[PDB]
Amino acid sequence: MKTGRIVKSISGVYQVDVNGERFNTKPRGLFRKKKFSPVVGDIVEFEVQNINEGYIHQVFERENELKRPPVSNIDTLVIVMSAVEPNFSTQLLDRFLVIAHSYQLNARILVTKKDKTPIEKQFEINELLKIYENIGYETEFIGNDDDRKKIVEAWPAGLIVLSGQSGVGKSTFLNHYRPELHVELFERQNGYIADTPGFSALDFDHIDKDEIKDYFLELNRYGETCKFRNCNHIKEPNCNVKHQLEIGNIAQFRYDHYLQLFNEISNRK
Ligand SMILES: Nc1nc2c(ncn2[C@@H]2O[C@H](COP(=O)(O)OP(=O)(O)O)[C@@H](O)[C@H]2O)c(=O)[nH]1
Ligand SMILES: [Zn+2]
């Protein structure tokens, strides 16, 4: 009877947004069981009752999902990094992109605190952000002089989830969408933006050492012409990644972070 996105879950009641319209609903069939329980971000078919209430009959197949917090069908993961306080880190950024792609997410890169970054440092970060744009990511570098609402409404349509450490500047964006002014979705013009971040932790537990190269997008792309179909680009001969490194089309820090994570993600915790 109606199709929409779950924007709130409160003690087994699922609020479903239907183009602005809100419905408090409960699951039936499979969706009453824990192994099929609805999550915020689910697209659902529900039966309308009592004007603004309803029963969820179908939860559509999840295109993607985070477990902590539990949220499904993210259209863009915005990785939020400070330029300073703390200092921008390609080591932390590469790790967040690996996690992002391991969850099958679209990712883009947002650097904050430009207005208090030394201008010489701004040029070094700008050159780093160029390397990520050559890999295929959209990047922005913003400060207090920038319109945070204009920025969010230029983002691709659908569900945006901000992921990054506390203090990087997620709330400064999110407060523009808080009606009051465990995960809830807030409306924006072309979709939603999420209450919570996506990660930071031992979201490495599910990753096989063999998958790490798939989530370095330029290694994955250049590995197409390595001799070996599963070349790890470490000791293998005829390696196209090590060649592209040599002639300067893969950045050394990217290769070095791949190597550290390949060596680390193997290890017992
Ligand atoms: N100067 C400056 N400070 C910022 C910027 N973005 C965030 N902050 C500050 O950094 C701190 C953390 O911001 P907040 O949005 O609460 O971070 P969250 O923990 O990631 O949500 C706060 O004191 C913010 O006002 C920025 O672009 N420039
Ligand atoms: Zn290779």
# chains A, B, ... in the order shown; residues from 1 in each chain; ligands from 1

$ residues_around --residues "region 168-183 of chain A" --least-positions-apart "3" --cutoff "8 Å" --atoms "only C-alpha atoms" --output "PyMOL selection string"
chain A and resi 8-9+40+69-71+80-82+85-86+112+148-149+152+162-165+186-188+193-196

$ write_last_selection --atoms "C-alpha atoms" --output "tab-separated table (two decimals), in the first residue's frame"
chain	number	residue	atom	x	y	z
A	8	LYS	CA	13.35	6.45	13.19
A	9	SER	CA	13.16	3.22	15.32
A	40	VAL	CA	16.74	2.82	10.10
A	69	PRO	CA	25.15	1.95	14.37
A	70	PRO	CA	22.62	-0.28	12.56
A	71	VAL	CA	21.75	1.76	9.43
A	80	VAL	CA	35.08	14.01	7.76
A	81	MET	CA	38.72	14.87	8.69
A	82	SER	CA	40.07	18.00	10.49
A	85	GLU	CA	43.15	19.68	16.00
A	86	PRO	CA	43.91	17.02	15.15
A	112	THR	CA	37.30	20.87	8.11
A	148	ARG	CA	27.64	24.38	5.47
A	149	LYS	CA	24.00	24.10	4.26
A	152	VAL	CA	25.23	19.51	2.11
A	162	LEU	CA	28.90	11.56	8.18
A	163	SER	CA	31.65	9.26	9.58
A	164	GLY	CA	34.69	10.59	11.55
A	165	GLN	CA	36.11	11.19	15.03
A	186	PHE	CA	16.79	14.02	9.15
A	187	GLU	CA	15.34	15.33	5.90
A	188	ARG	CA	17.30	17.50	3.52
A	193	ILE	CA	21.44	13.06	6.57
A	194	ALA	CA	22.07	10.78	9.62
A	195	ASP	CA	22.07	11.72	13.38
A	196	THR	CA	25.17	9.51	14.01

$ residues_near_ligand --ligand "ligand 2" --cutoff "12 Å" --atoms "only C-alpha atoms and all ligand atoms" --output "ChimeraX atom specification"
/A:213-214,218-245,255

$ write_last_selection --atoms "C-alpha atoms" --output "mmCIF file, in the first residue's frame"
data_model
loop_
_atom_site.group_PDB
_atom_site.id
_atom_site.type_symbol
_atom_site.label_atom_id
_atom_site.label_comp_id
_atom_site.auth_asym_id
_atom_site.auth_seq_id
_atom_site.Cartn_x
_atom_site.Cartn_y
_atom_site.Cartn_z
ATOM 1 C CA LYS A 213 43.812 -4.364 -2.259
ATOM 2 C CA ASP A 214 40.140 -4.127 -3.537
ATOM 3 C CA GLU A 218 43.949 2.840 -7.675
ATOM 4 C CA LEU A 219 45.687 -0.483 -6.681
ATOM 5 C CA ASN A 220 42.462 -2.382 -7.702
ATOM 6 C CA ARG A 221 42.349 -0.504 -11.060
ATOM 7 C CA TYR A 222 46.121 -0.968 -11.910
ATOM 8 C CA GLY A 223 46.084 -4.611 -10.594
ATOM 9 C CA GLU A 224 43.887 -5.453 -13.664
ATOM 10 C CA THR A 225 47.168 -5.864 -15.699
ATOM 11 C CA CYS A 226 49.341 -7.602 -13.020
ATOM 12 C CA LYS A 227 50.316 -11.105 -14.359
ATOM 13 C CA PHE A 228 48.578 -12.895 -11.405
ATOM 14 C CA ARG A 229 44.738 -12.449 -11.150
ATOM 15 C CA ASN A 230 45.039 -12.330 -7.286
ATOM 16 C CA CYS A 231 48.445 -10.473 -7.196
ATOM 17 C CA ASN A 232 48.847 -8.904 -3.671
ATOM 18 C CA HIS A 233 51.445 -6.516 -5.238
ATOM 19 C CA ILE A 234 54.001 -7.397 -2.476
ATOM 20 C CA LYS A 235 56.736 -9.882 -3.697
ATOM 21 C CA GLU A 236 54.974 -11.059 -6.969
ATOM 22 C CA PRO A 237 56.893 -10.532 -10.242
ATOM 23 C CA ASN A 238 55.295 -8.776 -13.295
ATOM 24 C CA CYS A 239 53.286 -6.526 -10.876
ATOM 25 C CA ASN A 240 51.545 -3.553 -12.602
ATOM 26 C CA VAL A 241 50.951 -1.725 -9.183
ATOM 27 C CA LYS A 242 54.733 -1.794 -8.409
ATOM 28 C CA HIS A 243 55.401 -0.481 -12.006
ATOM 29 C CA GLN A 244 52.812 2.372 -11.675
ATOM 30 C CA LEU A 245 54.378 3.150 -8.275
ATOM 31 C CA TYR A 255 51.359 1.923 -1.222
#

$ select_by_dssp --residues "region 10-80 of chain A" --states "strand (DSSP E or B)" --output "VMD selection string"
chain A and resid 10 13 to 18 21 to 27 40 43 to 49 53 to 59 65 to 66 71 to 72 76 to 80

$ write_last_selection --atoms "C-alpha atoms" --output "compact mmCIF listing (two decimals), in the first residue's frame"
# COMPACT_ATOMS: atom_id res chain seq x y z
CA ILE A 10 11.82 3.71 18.96
CA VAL A 13 7.94 1.28 16.34
CA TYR A 14 9.38 2.27 12.91
CA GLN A 15 8.68 5.81 11.65
CA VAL A 16 8.54 5.73 7.81
CA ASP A 17 8.96 8.93 5.74
CA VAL A 18 6.77 8.93 2.60
CA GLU A 21 4.76 12.15 5.35
CA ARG A 22 5.49 10.30 8.60
CA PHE A 23 3.88 6.94 9.64
CA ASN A 24 4.48 5.02 12.92
CA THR A 25 4.51 1.31 11.87
CA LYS A 26 5.18 -2.18 13.26
CA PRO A 27 6.60 -5.20 11.44
CA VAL A 40 16.74 2.82 10.10
CA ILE A 43 13.10 0.87 2.25
CA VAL A 44 9.76 -0.75 3.27
CA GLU A 45 6.26 -1.53 1.92
CA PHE A 46 3.68 -0.98 4.69
CA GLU A 47 -0.14 -1.09 5.03
CA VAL A 48 -1.73 2.22 6.15
CA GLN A 49 -3.93 2.09 9.30
CA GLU A 53 0.15 4.28 11.35
CA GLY A 54 0.74 0.96 9.57
CA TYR A 55 2.15 -2.58 9.37
CA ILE A 56 5.45 -3.29 7.54
CA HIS A 57 4.76 -6.21 5.13
CA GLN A 58 8.07 -6.06 3.08
CA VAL A 59 11.61 -4.76 3.84
CA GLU A 65 24.35 -1.83 5.91
CA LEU A 66 26.43 -0.72 8.94
CA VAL A 71 21.75 1.76 9.43
CA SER A 72 21.06 0.51 5.83
CA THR A 76 27.20 8.48 0.23
CA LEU A 77 29.58 8.04 3.20
CA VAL A 78 31.12 11.50 3.86
CA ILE A 79 34.50 10.88 5.62
CA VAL A 80 35.08 14.01 7.76

$ residues_around --residues "residue 145 (chain A)" --least-positions-apart "3" --cutoff "10 Å" --atoms "only C-alpha atoms" --output "number ranges by chain"
A: 113-115, 142, 148

$ atom_distance --atom1 "CA of residue 123 (chain A)" --atom2 "CA of residue 160 (chain A)"
27.9 Å

$ closest_residue --among "A:256, A:32, A:268, A:74" --to "residue 100 (chain A)" --atoms "only C-alpha atoms"
A:74

$ atom_distance --atom1 "CA of residue 189 (chain A)" --atom2 "CA of residue 63 (chain A)"
22.2 Å

$ closest_residue --among "A:97, A:1, A:261, A:207" --to "residue 135 (chain A)" --atoms "only C-alpha atoms"
A:97

$ residues_around --residues "residue 266 (chain A)" --least-positions-apart "3" --cutoff "9 Å" --atoms "only C-alpha atoms" --output "JSON, numbers by chain"
{"A": [208, 209, 261, 262, 263]}

$ atom_distance --atom1 "CA of residue 75 (chain A)" --atom2 "CA of residue 254 (chain A)"
25.2 Å

$ closest_residue --among "A:98, A:84, A:247, A:30" --to "ligand 1" --atoms "only C-alpha atoms and all ligand atoms"
A:84

$ closest_residue --among "A:60, A:199, A:216, A:36" --to "ligand 1" --atoms "only C-alpha atoms and all ligand atoms"
A:199

$ closest_residue --among "A:92, A:105, A:110, A:259" --to "ligand 1" --atoms "only C-alpha atoms and all ligand atoms"
A:110
